[PDB]
Amino acid sequence: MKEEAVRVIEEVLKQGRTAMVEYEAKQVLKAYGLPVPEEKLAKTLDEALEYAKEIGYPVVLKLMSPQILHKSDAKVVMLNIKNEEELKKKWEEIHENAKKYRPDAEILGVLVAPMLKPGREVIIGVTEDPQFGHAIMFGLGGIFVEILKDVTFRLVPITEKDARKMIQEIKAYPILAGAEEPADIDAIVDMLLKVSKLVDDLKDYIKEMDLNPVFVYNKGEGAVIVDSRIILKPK
């Protein structure tokens, strides 16, 4: 069990919380070498302005709050912020939106991240079954994920064989192979194995989680995790 992960996890539980906010989840992910790009947690608008200049515009602002896990629903995530004036106004907006959504929300800060180059959207999920333990799922992302109902699964821990196999079993597999340039399958295989390892190590800690969205680029150029959620088990 990578100590850094257990540390961030314990810290959250110590606060009597089960749901981890995006930046906390990603700390767990990074501790296992998963592809999470550099992002900074601003506690003030001045801090955000600094970090923005640091990572370079355009940037994304995402309000962090244990009470506001579904950021898009609350509208506390603002994209493609091109400059300092716009960042100052979007900073005000997300706080207002969070106030209308959950006025009693604890605001942990605002995540300042980069505008990642889009790629093939995929989703990696993890749930725990009462009888079989943790399972890892894979399928394409997009806004029609619930309509297409195309996900494959395997029990954790999985082998590389399981990983390559579950990737090929989805109906949308031909799309990844390029129906066109094929996506970076090996990169996906690596993510599945790392999540499998992370979950196996922390099986007594994590109830469920997912990496959504994840962008997968063409062959040989890896992938990147855009958002993630981790739900911890109590006591």
Side-chain angles (χ1 to χ4, degrees), residues 2-117 198 202 205-215 224-234:
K2 173 65 194 305
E3 189 48 55
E4 178 51 40
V6 176
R7 204 216 78 197
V8 187
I9 290 176
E10 283 303 325
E11 187 170 358
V12 175
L13 293 166
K14 181 177 181 179
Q15 297 175 59
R17 275 197 294 142
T18 67
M20 304 186 79
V21 296
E22 188 177 347
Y23 80 78
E24 300 170 321
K26 287 174 174 177
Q27 281 173 278
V28 174
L29 302 185
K30 287 187 294 184
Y32 276 83
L34 282 160
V36 176
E38 189 64 41
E39 295 170 353
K40 282 78 161 55
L41 179 60
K43 297 300 178 66
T44 66
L45 172 55
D46 283 314
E47 276 181 35
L49 293 176
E50 295 184 295
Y51 294 138
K53 285 192 172 182
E54 231 172 297
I55 67 176
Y57 289 84
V59 305
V60 169
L61 288 188
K62 303 182 180 185
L63 185 147
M64 295 292 100
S65 174
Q67 291 63 52
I68 311 176
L69 303 172
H70 190 184
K71 298 184 293 290
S72 66
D73 197 56
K75 293 148 60 181
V76 297
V77 168
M78 290 297 175
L79 310 181
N80 201 86
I81 296 168
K82 310 195 307 73
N83 58 60
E84 184 167 297
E85 298 64 51
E86 163 159 46
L87 192 159
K88 294 178 176 176
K89 77 196 206 307
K90 289 304 171 178
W91 171 285
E92 288 182 298
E93 280 201 50
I94 62 179
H95 277 84
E96 303 175 325
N97 295 358
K99 205 62 182 59
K100 307 182 200 306
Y101 193 82
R102 279 296 296 283
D104 63 309
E106 164 176 40
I107 307 297
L108 296 180
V110 178
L111 204 49
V112 183
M115 276 293 283
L116 298 172
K117 185 210 304 179
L198 183 166
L202 314 168
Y205 293 112
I206 305 164
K207 179 179 183 296
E208 49 185 54
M209 70 188 279
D210 64 57
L211 313 197
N212 180 3
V214 170
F215 291 155
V224 68
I225 297 167
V226 182
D227 200 333
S228 175
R229 70 166 231 138
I230 296 179
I231 300 306
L232 301 170
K233 288 143 77 167

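Excluded from the calculations below are hydrogen atoms, water molecules and symmetry mates; all remaining heavy atoms, backbone and side chain alike, are included. The residues of the chain are indexed from 1 along the displayed sequence.
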- [ ] For residues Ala19 and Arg17, report the shortest heavy-atom separation together with the two atoms involved.
- [x] O-NH1, 3.1 Å
Open item on the list: Checking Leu87 against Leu45 for the side chain to side chain contact (heavy atoms under 4.5 Å, CB included) test, could you report, in this order, the C-alpha distance in whole Å, the side-chain angles of both residues, the deciding distance, and whether it holds?
Closed with: CA-CA 9 Å; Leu87 192 159; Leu45 172 55; 3.7 Å; yes
- [ ] Determine whether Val12 and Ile230 make a side-chain contact, defined as any pair of heavy atoms from C-beta on separated by less than 4.5 Å.
- [x] no
Open item on the list: Side chains of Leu61 and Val112, heavy atoms from C-beta outward: is any pair under 4.5 Å?
Closed with: yes
- [ ] Could you grab the distance from atom CG of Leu232 to atom CD1 of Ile206, nearest 0.5 Å is fine?
- [x] 6.5 Å
Task: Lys/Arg-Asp/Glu bridge criterion (N-O < 4.0 Å) met for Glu208, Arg229 - done: yes
- [ ] Could you tell me the separation between the CD1 atom of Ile68 and the CD atom of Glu22, rounded to the nearest 0.5 Å?
- [x] 13.0 Å
Open item on the list: Check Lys90 with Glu86, please: is the shortest side-chain N to carboxylate O separation under 4.0 Å?
Closed with: no
TODO: Apply side chain to side chain contact (heavy atoms under 4.5 Å, CB included) to the pair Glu4 and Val8, showing each step before the final yes or no.
DONE: CA-CA 6 Å; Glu4 178 51 40; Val8 187; 3.1 Å; yes
Open item on the list: I'd like to know whether NZ of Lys75 has more than 12 heavy-atom contacts from other residues, nucleotides or ligands below 6.0 angstrom.
Closed with: no
- [ ] Would you mind reporting whether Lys71 and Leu111 have side-chain heavy atoms less than 4.5 Å apart?
- [x] no
Task: Partners meeting side chain to side chain donor-acceptor pair (under 3.5 Å) with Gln27 (sequence neighbours left out) - done: none
TODO: Quick one: pull up OG in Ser228 and CG in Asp210 and give me the separation to the nearest 0.5 Å.
DONE: 6.0 Å
Task: side chain to side chain contact (heavy atoms under 4.5 Å, CB included) evaluation trace for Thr18 with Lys207 - done: CA-CA 9 Å; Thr18 67; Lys207 179 179 183 296; over 6 Å; no
TODO: Indicate yes or no: at least one non-hydrogen side-chain atom of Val77 is less than 4.5 angstrom from one of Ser72.
DONE: no
- [ ] To the nearest 0.5 angstrom, please state how far the NZ atom of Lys53 sits from the CG atom of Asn83.
- [x] 11.5 Å
Task: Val76 side chain reached by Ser65 side chain, heavy atoms, under 4.5 Å - done: no
Open item on the list: Using modelled atom types and a 3.5 Å cut-off, is there a donor and acceptor pairing between side-chain atoms of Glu24 and backbone atoms of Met20?
Closed with: no
Open item on the list: On a heavy-atom basis, which atom in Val21 and which in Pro66 lie closest, and how many Å separate them?
Closed with: CG1-N, 3.6 Å
Task: Salt bridge flag under 4.0 Å for residues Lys88 and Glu84 - done: yes
- [ ] List the steps, then state whether side chain to side chain contact (heavy atoms under 4.5 Å, CB included) holds for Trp91 with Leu49.
- [x] CA-CA 10 Å; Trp91 171 285; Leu49 293 176; over 6 Å; no
Task: Test item: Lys62 and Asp227 side chains (from C-beta on) under 4.5 Å apart, heavy atoms - done: yes
Open item on the list: According to side-chain hydrogen bond (donor to acceptor under 3.5 Å, both in side chains), does anything in residues 104-116 pair up with another residue at least two apart or in another chain? List the pairs.
Closed with: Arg102-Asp104
TODO: For atom NZ of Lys89, decide whether the heavy atoms of other residues, nucleotides or ligands shown that lie under 6.0 angstrom number more than 12.
DONE: yes
TODO: Could you check if a side-chain atom of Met209 sits within less than 4.5 angstrom of a side-chain atom of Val28, using non-hydrogen atoms only?
DONE: no
- [ ] Identify the heavy atoms of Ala31 and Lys2 that sit nearest to each other, and give their distance.
- [x] O-CG, 3.5 Å
Task: Pair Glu10 + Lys14: basic N to acidic O under 4.0 Å - done: no
Open item on the list: Minimum heavy-atom separation for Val6 and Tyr205, please, with both atom names.
Closed with: CG1-OH, 3.5 Å
Task: Where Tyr57 and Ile81 come nearest, the two heavy atoms and their spacing - done: CD2-O, 3.2 Å
TODO: Calculate, to the nearest 0.5 Å, the distance between atoms CD1 and CG belonging to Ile9 and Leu202 respectively.
DONE: 4.5 Å
TODO: Please report the shortest heavy-atom distance between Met115 and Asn80, naming the atom on each side.
DONE: SD-N, 3.3 Å
TODO: Enter the distance from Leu63:CG to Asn97:CG here, rounded to the nearest 0.5 Å.
DONE: 9.0 Å
TODO: Taking the side chain as every heavy atom from C-beta outward, state whether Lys117 and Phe215 have any pair of such atoms under 4.5 Å apart.
DONE: no
